[PDB]
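J.: Below you will find the structure I want to go over with you.
Derivation of every value follows stated rules applied to the coordinates shown; laboratory data play no part. So basically every Cβ, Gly included, is an ideal-geometry build from the backbone, and we count neighbours across all protein chains shown.
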Amino acid sequence: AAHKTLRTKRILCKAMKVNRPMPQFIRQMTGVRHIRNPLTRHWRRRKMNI
Amino acid sequence: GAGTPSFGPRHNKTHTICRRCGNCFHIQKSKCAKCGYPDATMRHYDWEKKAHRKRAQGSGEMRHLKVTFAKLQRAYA
Amino acid sequence: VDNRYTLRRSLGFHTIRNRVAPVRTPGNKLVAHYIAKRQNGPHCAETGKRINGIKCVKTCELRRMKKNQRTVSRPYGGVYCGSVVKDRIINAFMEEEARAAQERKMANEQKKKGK
Amino acid sequence: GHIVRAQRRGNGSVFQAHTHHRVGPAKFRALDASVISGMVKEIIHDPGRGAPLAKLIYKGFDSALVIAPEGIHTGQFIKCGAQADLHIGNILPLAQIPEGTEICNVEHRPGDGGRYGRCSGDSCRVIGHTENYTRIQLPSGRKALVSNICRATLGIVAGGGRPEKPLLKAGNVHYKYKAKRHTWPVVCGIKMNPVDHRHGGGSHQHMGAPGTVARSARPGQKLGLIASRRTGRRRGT
Amino acid sequence: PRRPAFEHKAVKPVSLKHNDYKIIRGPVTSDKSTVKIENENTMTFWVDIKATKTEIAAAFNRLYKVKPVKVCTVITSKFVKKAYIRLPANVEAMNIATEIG
Amino acid sequence: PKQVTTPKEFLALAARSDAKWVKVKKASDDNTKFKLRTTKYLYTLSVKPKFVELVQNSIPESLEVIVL
RNA sequence: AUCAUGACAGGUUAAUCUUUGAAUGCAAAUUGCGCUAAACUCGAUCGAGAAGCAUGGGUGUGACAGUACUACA
RNA sequence: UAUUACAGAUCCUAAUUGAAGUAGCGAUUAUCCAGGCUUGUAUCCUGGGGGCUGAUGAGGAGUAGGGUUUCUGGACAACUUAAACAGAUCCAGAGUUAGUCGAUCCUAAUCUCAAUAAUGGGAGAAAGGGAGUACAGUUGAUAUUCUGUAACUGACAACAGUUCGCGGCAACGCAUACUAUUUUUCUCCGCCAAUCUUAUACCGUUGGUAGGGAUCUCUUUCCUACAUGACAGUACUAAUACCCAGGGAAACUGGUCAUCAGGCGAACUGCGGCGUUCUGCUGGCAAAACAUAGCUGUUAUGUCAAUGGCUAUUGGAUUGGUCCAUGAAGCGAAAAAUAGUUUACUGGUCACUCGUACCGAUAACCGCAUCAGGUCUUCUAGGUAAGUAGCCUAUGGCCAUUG
RNA sequence: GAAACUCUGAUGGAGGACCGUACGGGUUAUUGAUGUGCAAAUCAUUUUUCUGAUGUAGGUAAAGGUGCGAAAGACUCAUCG
């Protein structure tokens with residue numbers, strides 16, 4: 001960046017909208033506990049390698 | 001010499017995302033190391049029988065193929 | 001005062017196309033303005049000299065100018081300058097005149113056998 | 001052992017000719033049946049080759065980068081053909097030319113391009129006319145039957161006496177082999193270890209083995225003096 | 001020249017599919033778009049990612065019956081297209097926005 | 001943005017059916033500038049206060065005139 | 001939504017079937033660069049979309065090339 | 001009937017001791033005092049001292065790479081070698097606007113298919129080639145992209161008015177088509193050295209007026225400000241290159257910093273020709289912008305006059321030297337010649353696609369990490385001095401660092 | 001000075017010339033500091049080079065009994081007889 005391609009930009013979009021906390025209502029629905037979002041990361045710690 | 005200082009100028013990318021594999025496509029050599037694109041046949045060897053069955057059928061959706069298993073259950077039961 | 005100024009275009013390096021000059025604005029702010037390229041303009045074949053009566057601008061913006069200012073009026077107007085055209089007239093006359101006089105010569109010489 | 005620097009020139013990755021600024025292949029026009037006049041448009045210098053080239057025009061204008069005899073000038077009229085007279089410039093078949101005279105860029109086969117006697121300050125000499133085969137002496141000493149129909153430029157090639165002046169500095173030879181090809185600088189075989197070269201190894205630097213080898217000797221093995229019917233100081237003869 | 005003996009694909013589709021209604025998804029609700037409506041007379045919309053400015057200008061005209069002056073086209077970090085559509089001087093952008101709501 | 005010397009040539013440029021407005025504007029040395037807008041260019045006309053009164057009348061009636 | 005004009009996390013079959021991939025209009029680290037008789041569909045004669053257009057080989061159909069063979073001029 | 005009894009295998013996996021509240025809390029300029037917000041600050045903010053960085057700066061900006069780190073609001077379980085209301089941390093929302101900047105288009109080194117009835121096609125550069133944009137304003141984050149104002153380039157349409165080739169001895173000037181073939185030019189090219197000169201910066205002699213700083217004494221003082229974009233025009237001043245007309249050169253003359261030039265035509269004269277630079281005068285243009293003064297958004301005045309650089313950088317001009325080194329191609333554009341077909345020229349609409357935030361090492365890249373390492377480039381102030389050294393200081397940025 | 005030429009001063013700016021800058025290229029010495037490092041090769045002072053056989057960036061070529069090597073068995077992703 002800048003000067004990213006479009007299909008590069010498509011991946012970086014999907015990588016940041018997927019990065020969030022898990023919703024509250026799944027724990028209320030299924031009753032499971034201790035499920036983490038796997039595709040959470042931090043930009044500084046883990047690099048994507050894409 | 002060969003350690004921390006020489007890690008500095010490591011900014012170029014040897015491999016790039018591959019269309020068929022989507023995973024390690026060699027930019028200079030232009031071949032997907034994992035799948036062999038663009039060779040029409042897809043890369044696997046019998047020495048990597050472990051790593052092959054991660055890629056091969058069953059791993060994905062099987063949209064067309066799962067309904068053709070399900071027919072053959074009904075006909076013989 | 002601080003009179004230092006950034007490059008505006010996203011190319012960093014100091015190539016021939018990316019060259020700047022500092023300029024005062026209306027607003028008392030120094031700023032990069034980019035230098036358009038130099039043009040040599042039409043030299044001649046033979047010798048290798050500058051022809052007169054035409055600007056060295058780009059040949060693309062030479063099209064936008066009038067058909068007057070694209071050329072010089074003579075035969076071989078753009079390509080050849082003056083004295084080289086004089087020499088071509090003198091040689092291409094006397095090459096053809098010697099060849100024409102050769103046809104007069106071989107007409108006149110062979111008639112001596114009859115008389 | 002490893003593969004030796006003599007063997008590694010074949011595979012041809014870094015050992016290719018630096019052929020970028022070279023202006024073109026120096027040869028005659030093709031044969032095509034008398035006499036044809038040709039103006040020297042200009043004489044130019046191409047990199048690598050020590051001789052000049054002279055670009056001719058056989059005016060359409062058909063071009064030909066012919067290699068340059070000495071005493072050619074710009075806007076001379078060169079005359080390729082049989083019935084062209086003798087000047088330094090002109091391109092005659094070997095039927096027509098007198099014996100005991102110096103010629104340049106002589107062809108082996110007719111209509112070829114030009115083969116023997118091309119480098120700067122060289123010339124094939126003509127011995128005598130047999131019948132079909134005009135016998136000529138090449139610059140080395142060797143003598144060659146060549147057919148009388150095939151062509152040769154008249155006179156000696158330009159740029160003579162370039163090795164008369166030595167190159168004092170390693171830098172002058174760096175710029176010499178930049179135009180040509182990578183083959184320099186040369187590390188000597190004794191200096192290298194035994195795996196790298198045949199002559200290498202040992203506590204004290206020395207060759208050890210006879211250092212003079214057959215035509216039958218293999219790749220890897222042909223190093224040093226190949227099939228040397230004499231050695232040492234060539235005193236007389 | 002070529003002429004096939006039968007149609008290959010006989011079934012034509014039922015509607016346009018790539019429609020005026022499915023180019024323009026709907027308006028964007030932010031604090032920036034609120035200012036650009038009031039000040040510059042300039043709307044904002046989420047758009048299809050393959051839609052051009054020529055497609056948007058015609059599609060905006062067919063729905064709301066106002067021919068736009070300019071269209072300027074972002075693709076966001078969310079990877080959906082945003083279209084800043086300037087309306088002309090006569091119509092007010094608040095009056096078009098109140099109809100939609 | 002070109003300048004035009006002659007007051008006669010200005011009135012030829014005014015009556016083209018290109019021009020959208022003329023702008024009257026006071027200047028230094030008690031002059032004034034009549035800035036004719038055209039689609040391409042902006043034709044200015046510097047004048048002295050002798051012939052200032054006549055030129056405004058000369059201008060076509062249809063063309064709008066914005067005073068500053 | 002209830003003795004049915006029939007609820008939905010049920011099970012089939014048929015539609016619809018985004019960008020890709022043998023991937024196939026030509027390419028590709030690019031949302032790059034093309035082509036088309038009618039019909040289709042909006043668009044007001046003429047634009048657009050929709051849908052076409054790969055290589056190899058088989059049988060048929062047509063066209064071109066030849067001082068290849070031959071007859072009649 | 002058996003995957004059947006453990007203290008050891010530098011055994012395997014999982015948890016946990018002593019050492020030990022010990023080693024240690026580094027590197028980076030320097031902190032101090034009063035307020036604000038709070039249960040709570042040396043640390044977060046304000047004000048005032050004292051300092052540091054000291055134009056290759058922890059300044060302002062970009063390639064490659066990172067990928068939301070950018071912005072506003074709320075939050076402190078953890079992390080940022082103590083503390084914390086702070087943060088590049090956590091949470092919720094928001095943000096990247098182009099016919100003119102790039103990509104796209106062309107080829108280079110190089111790679112890959114096809115044909116041989118062929119003489120190629122395609123790929124390959126976000127530093128090469130490459131048509132065309134500038135100023136001012138605005139947001140919490142975007143701007144050569146938005147708004148205002150002024151340009152410019154290309155393609156596709158009809159339509160109105162002109163026009164059917166002339167000037168100069170000459171150099172050349174002025175209003176003229178299209179297809180094709182061939183030929184030539186621009187694009188277009190190494191490195192080094194010298195001289196001259198615009199622009200920008202800086203230092204200067206001469207004054208001046210606006211505001212602010214300083215004052216026991218002295219200083220008609222000190223500081224800030226004194227500015228005009230792309231683009232378009234036509235004056236004569238005066239340059240050097242080259243060419244033309246006259247002129248017709250040894251008692252050789254003219255000329256450079258330097259080499260030099262000339263009967264293949266020098267000096268020299270023309271209110272010669274022409275190209276590139278230059279000075280002045282305008283348009284753009286004061287309506288904007290900035291600084292004072294006053295009124296509640298806007299009204300006043302003002303941004304002036306003269307003329308040097310022995311200083312530097314940049315663009316350009318005029319030249320020289322050097323090489324067994326001679327320093328890209330292609331697309332594209334124009335011209336000319338030779339055929340043939342001819343009337344031409346000047347003056348509404350539209351401009352697709354994709355990138356655009358921020359960092360660029362100083363904590364945002366690579367080194368497992370907020371690592372004294374490493375990694376390409378840009379704008380470059382004053383004084384001292386030979387200085388892009390070292391040392392000191394305005395603009396800008398800072399107290400990075402447990403007490 | 002009879003000549004062939006050679007004395008003095010300026011002009012000029014050649015050289016793989018010299019001194020010397022850097023967030024340039026190298027890495028000599030203190031066998032300094034560090035050695036539970038800031039660092040799986042660093043830091044300080046000193047030293048070498050600084051228009052060139054120069055440094056450097058991107059693209060591109062060469063692949064494991066091979067490659068490449070101004071040659072140390074060097075280097076070929078902290079790995080190399």
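J.: Give the average, rounded to an integer, of partner chain Cβ atoms located within 10 angstrom of each Cβ in A:3-9.
T.: Going residue by residue through A:3-9 and averaging, the value is 2.
J.: What FRET efficiency comes out for the pair E:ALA58/C:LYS66, r = Cβ-Cβ distance, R0 = 35 Å, nearest 0.05?
T.: The value I calculate is 0.30.
J.: Compute the signed sum of charges (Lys and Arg +1, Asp and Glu -1) over the other residues within less than 13 Å, Cβ to Cβ, of F:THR39.
T.: +3
J.: Across the residues of B:14-20, average count of Cβ atoms on other protein chains within 10 Å?
T.: Shielding by partners across B:14-20 averages 1.
J.: Hey, fewest Cβ within 10 Å first, where do E:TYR64, B:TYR76 land in order?
T.: Ranking E:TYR64, B:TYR76 by Cβ neighbours within 10 Å, fewest first, gives B:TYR76, E:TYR64.
J.: Considering chain E as a Gaussian network with a 10 Å cut-off on Cα pairs, which listed residue, E:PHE79, E:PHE45, E:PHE60, attains the greatest mean-square fluctuation?
T.: E:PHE79
J.: Using a/c under 1.5 as the rounded threshold, could you call the protein assembly as shown rounded, prolate or oblate? The axes a ≥ b ≥ c are square roots of the C-alpha gyration tensor eigenvalues, and prolate needs a/b larger than b/c, oblate otherwise.
T.: Taking the square roots of the gyration eigenvalues as a ≥ b ≥ c, the protein assembly as shown is oblate.
J.: Let me ask something additional. Once you keep just the Cα pairs under 8 angstrom separated by 6 or more residues, what percentage relative contact order results for chain E?
T.: Over chain E, the number comes to 26 percent.
J.: Okay, moving on. Taking chain C as a Gaussian network, where each spring joins two C-alpha atoms under 10 Å apart, which residue of C:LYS55, C:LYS105, C:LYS37 fluctuates the most?
T.: So, out of C:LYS55, C:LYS105, C:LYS37, the one fluctuating most is C:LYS105.
J.: Can you put D:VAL35, F:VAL47 in order, fewest other beta carbons within 10 Å first?
T.: Final ranking by Cβ density, sparse to dense: D:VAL35, F:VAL47.
J.: OK, next. Which parts of region D:106-121 would a label at D:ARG162 reach, counting a residue when its backbone N lies under 13 Å from a point 7 Å out along Cα-to-Cβ?
T.: D:118-121
J.: Here's a follow-up. In nm, to one decimal, how far is the C:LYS105 label point from the D:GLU42 one, both placed 7 Å along Cα→Cβ?
T.: 3.5 nm
J.: How many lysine pairs in chain D, separated by 8 or more positions in sequence or lying on different chains, have Cα atoms less than 27 Å apart?
T.: Counting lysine pairs in chain D gives 28.
J.: Checking the table A:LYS47/B:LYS54; E:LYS36/F:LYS40; A:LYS9/A:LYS47 against a 18 Å threshold on Cα-Cα, which pairs fail?
T.: Beyond 18 Å: A:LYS47/B:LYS54; E:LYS36/F:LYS40.
J.: Moving on to the next point. If you take the alpha carbon radius of gyration of region C:51-111 and divide it by 2.2 N^0.38 Å, what ratio comes out, to two decimals?
T.: Working it through for region C:51-111, the quotient is 1.89.
J.: Based only on other Cβ atoms within 10 Å, what is the fewest-to-most ordering of D:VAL213, E:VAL11?
T.: E:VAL11, D:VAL213
J.: Right, something else. Angle, helix C:83-110 long axis vs. longest principal axis of chain C, Cα atoms, 0 to 90°, nearest 10?
T.: Orientation of helix C:83-110: about 20 degrees from the principal axis.
J.: With an 8 Å cut-off on Cα pairs and a minimum separation of 6 or more residues, tell me the relative contact order of region C:18-115 in percent.
T.: It comes to 17 percent, rounded to a whole number.
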